[PDB]
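# Residue-level structure breakdown
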Amino acid sequence: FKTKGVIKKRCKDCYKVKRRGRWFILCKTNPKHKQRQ
Amino acid sequence: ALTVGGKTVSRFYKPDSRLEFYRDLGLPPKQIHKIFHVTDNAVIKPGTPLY
Amino acid sequence: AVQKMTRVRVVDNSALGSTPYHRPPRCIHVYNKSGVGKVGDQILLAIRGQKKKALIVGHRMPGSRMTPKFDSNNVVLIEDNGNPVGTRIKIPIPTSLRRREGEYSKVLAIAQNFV
Amino acid sequence: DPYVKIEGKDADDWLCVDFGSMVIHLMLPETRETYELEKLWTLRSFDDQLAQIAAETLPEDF
Amino acid sequence: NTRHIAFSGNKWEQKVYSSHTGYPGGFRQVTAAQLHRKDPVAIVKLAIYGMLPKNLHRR
RNA sequence: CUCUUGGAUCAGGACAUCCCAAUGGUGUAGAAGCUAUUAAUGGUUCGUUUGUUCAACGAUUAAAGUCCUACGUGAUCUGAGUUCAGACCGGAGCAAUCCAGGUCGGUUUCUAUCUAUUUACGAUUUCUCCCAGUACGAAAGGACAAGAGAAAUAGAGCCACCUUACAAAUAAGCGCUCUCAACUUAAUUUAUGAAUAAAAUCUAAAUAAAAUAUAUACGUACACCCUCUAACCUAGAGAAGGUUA
RNA sequence: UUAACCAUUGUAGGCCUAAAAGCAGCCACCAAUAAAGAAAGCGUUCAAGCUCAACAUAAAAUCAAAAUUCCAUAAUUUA
Ligand SMILES: [Mg+2]
Ligand SMILES: [Mg+2]
Ligand SMILES: [Mg+2]
Ligand SMILES: [Mg+2]
Ligand SMILES: [Mg+2]
Ligand SMILES: [Mg+2]
Ligand SMILES: [Mg+2]
Ligand SMILES: [Mg+2]
Ligand SMILES: [Mg+2]
Ligand SMILES: [Mg+2]
Ligand SMILES: [Zn+2]
């Protein structure tokens, strides 16, 4: 959960979701890739 | 609520209102009154001594 | 009630305390949340241009009933590891030290008289 | 029956445990001989080291 | 039926009511839903109070 | 080429968080650490100058946070400097004198008119023991959570004892006692499930749960309608208040 | 322009590179097959291994409307 101005998919397995009013990019294979807007 | 009194005092230097209130209950006046919060099952009839 | 700059008496057989010096030892620090030191409290001592740890064993301030009040503030020198610097104590020591929270068994071993 | 603390962990050579009716001291041979704890308790008031200690009095600083 | 009023939009969660006791640290801000829970009449009364002329006859 | 700040006292407030609290990732085995999110709850020590161009040193702490408030605050107090009348050195000027150079000495008073203000609350942190020398780890090493006991500070009271006074029947601390509940959430993590053909998905879809600091849904305290010549009082500036074979 | 399914070989292409095999390079870059780049990526000491594109089979369809204490009350349609 790095909060960044622009959230970008970093691997093929990365996927996007809209939880609690914000946009998230979540990757299960690499937890490093988790980000918030 | 229940009101309790204690420490009997003299009758001479008191207002009439208080003396009339105590005459109804048939007791000599008390120095102080306070209020206690009691449930319905625990209610006690007025005029009952406590120890 | 020992405080910073209090003058204390070394009740011990250690050479460092025994040898006469032109200045008596003075307290430099009290290892308590409060600054006041009572029986069973460690302190930091300044001796002969040197710093050494020490333990309070008696003082002149009144305490609770049934406990002994001494005529002087008595202290014992303690090494950094916690082993006593000296090998003998002759003055009576209170028995309250046994149960107070802390490490007092080593000092109790060296002390003959308990009052 | 109360619990018992372990003392002397800070020290690397002398450890002592205080039970209700027993006291046990463990130390290395060099430490034991210097303090010579057997002598004191055996000879309660006749210990040699205690005799070496003395008393102090003085009328004036001279 | 003042308990059964309705709010358009997300006003229940976005409208805040403010008050001050007058002592340091006495500033309290509460949302519309919370106030409606505590007092079932406060919301309607506050709306009417604001729309009346600001003079002594208002009270 | 140049040329107002400290301290004491009492603090109000912001969060861009130092400690205490809830969490995500790790080149996270344990223990230590590095980084990021959420939150303002109360707290945030004691002494000292040989050298150091707005620095340093000793001992500690769970921590010794960064800032705003006409140096927060001098009609509450105080130390430097702004800065003079005296006097010396150093460098200038024929002298009188001079210097954003050294040093020693050296004068601000206030009786409060107006605004404002002066009578309760439901706690923070640390340490030892226990779990357990266990989990983990080749070893070395070395914890969670749950349970128990001690303290320290803060608040509110009290006098059987101790200590200090009145060489008075009382007042004090250095003495003693008591301190608690969460309806209402945020970061985050789970469960059922469509848009989207599933075995998908925590949901600014319709739904079900757990989870900081806060706080007042919920309690304690208060409630009485009131004679008064006068005297007395653990009540008091006055007034008020309490007591009266 | 896409979401569905997949992968055989001449040979591991030369090159001091041990070897550098589609993938360090380095020039060539051709072959069979319906359909397969001497390979668009990962990954291997080199190799292995994972993917992409190919095989059939499907479907959809550019920028913009901080420090005392929040601060009118409210409201989406009648010509
Ligand atoms: Mg403050
Ligand atoms: Mg923050
Ligand atoms: Mg002023
Ligand atoms: Mg003088
Ligand atoms: Mg001066
Ligand atoms: Mg001067
Ligand atoms: Mg006045
Ligand atoms: Mg535990
Ligand atoms: Mg489904
Ligand atoms: Mg699921
Ligand atoms: Zn990823």
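Going by the header, the method for this PDB entry is cryo-EM, and the resolution given is 2.91 Å.

### Some points on the overall build of chain D
If you tally the helices and strands in chain D, you get three helices and three strands. When its helices and strands are written in sequence order, chain D yields β-β-β-α-α-α. Taking 11 Å as the expected radius of gyration for a compact globule of 62 residues, we find that chain D reaches 17 Å, considerably beyond that expectation. For chain D, the C-alpha atoms occupy an extent of roughly 55 × 30 × 25 Å along the three principal directions. Burial status across chain D gives 23% buried among its 62 residues. Element-wise, carbon and sulfur atoms account for 59% of the exposed surface of chain D, whose accessible area totals about 5400 Å². Separation of charge centres in chain D, based on 5 positive and 15 negative side chains, amounts to 10 Å.

### Points about the protein's contact with RNA strand G
Residues and elements named next belong to chain E. Around RNA strand G, the neighbouring residues are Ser8, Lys11, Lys15, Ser18, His20, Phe27, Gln29, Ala47, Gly50, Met51 and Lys54. Protein-proximal atoms of RNA strand G, defined as those within 4 Å of the protein, fall in sugar or phosphate at a share of 53%. Between a phosphate oxygen of RNA strand G and a side-chain N or O atom of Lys15, the distance comes to 2.9 Å. Taking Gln29, its side chain carries an N or O atom lying 3.4 Å from a sugar or linking oxygen of RNA strand G. Looking at the surface near RNA strand G, the element that brings in the most residues is helix α3 (residues 42–51), giving three residues.

Rules and cut-offs
- Residues numbered from 1 in each chain as written, not as in the entry; some residues may be left out.
- Chains lettered and ligands numbered in written order.
- Part of a larger assembly, values for the part shown.
- Heavy atoms only, no water.
- Helix = DSSP H or I, 4+ residues; strand = E, 2+ residues; numbered from the N terminus.
- Rg over C-alpha atoms; globule rule 2.2 N^0.38 Å.
- Buried < 20%, exposed > 50% of the residue type's maximum accessible area, 1.4 Å probe, protein only.
- Areas by Shrake-Rupley, 256 points an atom, 1.4 Å probe, with all protein chains shown as cover.
- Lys, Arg positive; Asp, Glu negative; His and termini not counted.
- Charge placed at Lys NZ, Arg CZ, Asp CG, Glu CD.
- Near = heavy atom within 4 Å.
- Polar contact = N/O pair within 3.5 Å; in protein donor to acceptor, adjacent residues only side chain to side chain.

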